[PDB]
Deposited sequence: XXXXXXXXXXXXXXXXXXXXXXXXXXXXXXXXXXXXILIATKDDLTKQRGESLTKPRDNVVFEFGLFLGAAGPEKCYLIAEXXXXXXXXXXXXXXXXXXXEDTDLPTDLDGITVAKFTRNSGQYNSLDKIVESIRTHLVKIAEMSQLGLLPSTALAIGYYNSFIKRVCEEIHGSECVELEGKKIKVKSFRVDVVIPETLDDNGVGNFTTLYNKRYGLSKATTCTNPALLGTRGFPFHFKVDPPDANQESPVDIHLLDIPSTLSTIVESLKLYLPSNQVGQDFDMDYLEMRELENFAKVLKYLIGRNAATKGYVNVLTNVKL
């Protein structure tokens, strides 16, 4: 089990689940379509993977997110809607499919909230510039806690259980 700590892996995981993963899953289940490039596409079924990098960059996970999106053929799409949508990166299970017919979708998201952890660590613990085993252990433990909490929370909602997966220690 996980508990609230001084550096927020549990709370950030809870916020990420309740603000993005739960909401995006519910929106896809309800509307059953995603809007990209000004045009809608139906979703036969969605599988969303949250990718937790093995190590966080000094300046946040934005660079890793951009490189990961470049590596694969990920395309941007928002959840169709006084409430805002949720842009995300996804790929179609087959290389391509007829747009008019519904197409299964493979959402991929690198949690931007992980950037906060970096910041928190800068406050949590230095006047040295080098590999610090204490801070490395802290990063690894916080990433593990984030993944564990997110998995447990996904194991609660029928709208996300089975449809959401966690891929930790990527690259």
{"item": "Stretches with no C-alpha atoms in the model, relative to the deposited sequence starting at 1", "value": "1-143, 225-229, 274, 321"}
